[PDB]
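A.B. asks: PDB entry and its sequence, pasted below:
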Amino acid sequence: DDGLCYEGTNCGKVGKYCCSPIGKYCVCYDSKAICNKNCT
């Protein structure tokens, strides 16, 4: 449950979003929700 999400293009997520609590994971998906959800 610990994790946050941000939007932009730092992980090549042009059009979608990414999740990383320190920029170490850089895991992105199409559903911003999948960012919070699946990112865990």
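C.D. replies: Yes, it's here. Residues are numbered from 1 along each chain as shown.
A.B. asks: Quick one: residues contacting the residue nearest the centre of the chain.
C.D. replies: The residue lying closest to the centre of the chain (C-alpha atoms, centre = their mean) is residue 18, at 1.9 Å. By C-beta atoms under 8 Å, 6 or more residues apart in numbering, the contact set of residue 18 is 5, 6, 7, 8, 10, 11, 26, 27, 28, 35. To be clear about C-beta, it is placed using only N, CA and C from the backbone, and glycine gets the same treatment.
A.B. asks: can you tell me which residues contact residue 34?
C.D. replies: Residues near residue 34 by C-beta under 8 Å, 6+ apart: none.
A.B. asks: sorry, back to before: adding secondary structure and neighbour count, write the contacts of residue 18 out as CSV.
C.D. replies: CSV is the format used below for the contacts of residue 18 (DSSP: H, G, I helix; E, B strand; the rest coil; neighbours: other C-beta atoms under 10 Å):
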residue, secondary structure, neighbour count
5, coil, 19
6, strand, 14
7, strand, 12
8, coil, 9
10, coil, 12
11, coil, 17
26, coil, 13
27, strand, 17
28, strand, 23
35, helix, 23
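A.B. asks: What ranges does this structure have for its helices?
C.D. replies: Along the chain, counting by DSSP state H, helices occupy 32-39.
A.B. asks: who does the residue nearest to the centre of the chain bridge with?
C.D. replies: For residue 18, the beta-bridge partners are residue 6, residue 28 (DSSP bridges).
A.B. asks: What distance do you get for it to residue 37?
C.D. replies: 13 Å (C-beta to C-beta, to the nearest Å).
A.B. asks: Residue 19 too?
C.D. replies: Taken as C-beta to C-beta, the span from residue 19 to residue 37 is 9 Å.
A.B. asks: The two - which one has more neighbours?
C.D. replies: Taking other C-beta atoms under 10 Å, residue 19 and residue 37 do not tie; residue 19 has more neighbours (23 against 13).
A.B. asks: Report the contact partners of the more buried one.
C.D. replies: Residues near residue 19 by C-beta under 8 Å, 6+ apart: 3, 4, 5, 6, 25, 27, 28, 35, 36, 39.
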